[PDB]
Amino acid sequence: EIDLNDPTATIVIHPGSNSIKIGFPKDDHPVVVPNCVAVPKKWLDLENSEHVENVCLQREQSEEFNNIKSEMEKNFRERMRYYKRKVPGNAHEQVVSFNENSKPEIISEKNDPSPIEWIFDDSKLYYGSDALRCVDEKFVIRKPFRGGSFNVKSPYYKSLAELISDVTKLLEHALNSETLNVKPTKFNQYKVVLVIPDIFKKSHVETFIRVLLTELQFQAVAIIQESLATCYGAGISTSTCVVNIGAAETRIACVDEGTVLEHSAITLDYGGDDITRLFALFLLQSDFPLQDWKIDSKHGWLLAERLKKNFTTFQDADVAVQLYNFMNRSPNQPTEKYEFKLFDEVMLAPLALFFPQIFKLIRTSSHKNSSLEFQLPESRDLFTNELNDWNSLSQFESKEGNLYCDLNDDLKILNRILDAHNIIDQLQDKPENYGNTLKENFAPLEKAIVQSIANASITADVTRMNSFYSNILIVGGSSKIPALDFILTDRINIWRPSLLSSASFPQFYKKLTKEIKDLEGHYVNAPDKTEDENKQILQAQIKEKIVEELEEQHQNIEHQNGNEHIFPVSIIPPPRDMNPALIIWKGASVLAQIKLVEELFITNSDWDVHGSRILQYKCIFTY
């Protein structure tokens, strides 16, 4: 009952697209619970909204898809030349695919599982790992979460109420488990630390708090943004850039001295899930023995996920015409082992992180519920009525394809950089249906990270550039690809412009801003000419010129009569045998254990008197 700030009585929760991470803070590890609910097909209206799409895929693809895969094949060739080896290649044996029946002795393939003890009773809903064994001829799977937020675009939900009921029943199922055995009538003894994305949607956050306190009846809730949690989960002192690779999205953001820098945040619309889809396709195109792959069905998706997780690498050392195998488990058959050869598909697929346009080519365009979305309006300031979610300069640039890495001269780069504070100003109160609504962000990973880091510095404290480039942490369930650190490092280094590689940029940039400020400032009287409406351009052309002057002065100062100072690119995953999917939960559980959270727990009484308005006063980030 009673409300003390003691960690024993705290549950730390980190929703994600693949699985919700949950446990007590002092746990070595949290329970990992699949983000899945299995619904008997006979319970749902499935005619008009239709797309029984759980049943179809496509080995052949467009030219553009062919072109891009050809170019990926080049990039691969070059990497392999640049270190090691090639061969005769594609010429094959999977054409003549041999399957081998297994006695029911499915010794483990990998991880925590072995054979599948299926669920045939379609007279109830199932949750988590239970949902994962429901036979898909009887059940459909919905997923309450899209990585932190509520999965509004799912078409299996007719309303928030529906969505929330399986959020709460999914949370309950998790909370009731061999290792945490907390039933719903005891929820009011617990407080919750909730992990929330960096660019959270206020209506989701607020709804979730409302749900945890008002319906699940938790004592109190405290929230934290993914990137800060990931810093707590590793080491927070420094300035650092977090790259989080998830199933559906990749999130990048910088963190400096306790805060997640708004204009550094980028949400990229691709992640481990497109790698998985790419991999399946590539396997199909290299004549994979299972040719009709029902990829959006549970059974086939699971198969696609297993293989890619088992097999995809950036490790050039290990890329060889190889024999791989797998067992295809049997909805109503004997278990069939298959053996297949792979060569380059294991790297081409994740290489797509840098040619993400191909991801776009192979998935259907979003089909969000406006019946559901209409019930989660985007947050608006109660006074001005203006969209008031965090809204990041870097998201807007990268989405629109204005990436610094794609600019050639230094002047354009410098000017755009110089323009930033206007671009953010325009952003925060435009005739703003501008900053594309439906548009997905398909910017290549490496260019995105550079964007994030450049803006992360110039919008706040530029002198942290160095520190950012030497603490890029890679984290997230889909980031567990060997040698991702390695190739990412190559690529930032090829792509980062030279202007933005010089370790003295911040110092230069800092000088230029001051000297521009001495043109608006120490000329506070109306410019020299008699008449002035354009006479601000004779100081806007003197600005144009001083830029060129200092820009050039820097370059002559660049020769430096010898050796050149240059930002590193330290990309740092967690050690082999740590799980990158769990840093965040770890970090949250560290918050959960310290003096700080005490001040940050929104309690029920907090919430009934004040509503979402407490977030303005109890929150580790400026809400």
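Residue numbers run from 1 along the displayed sequence.
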item	value
155-163 versus 249-257 - greater average Cα B-factor per the deposited record	155-163
414-422 or 136-144, whichever carries the higher mean Cα B-factor	414-422
Highest recorded Cα temperature factor - choice among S478, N466, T335, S457	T335
Residue with highest C-alpha B-factor in the PDB entry, from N188, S297, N471, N99	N99
Relative C-alpha B-factor of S371, binned into the chain's lowest, middle or highest third	highest
Third of the chain, ranked by Cα B-factor, where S49 sits	highest
Chain-relative CA temperature factor third for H263	lowest
Chain-relative CA temperature factor third for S114	highest
Third of chain Cα B-factors occupied by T168	lowest
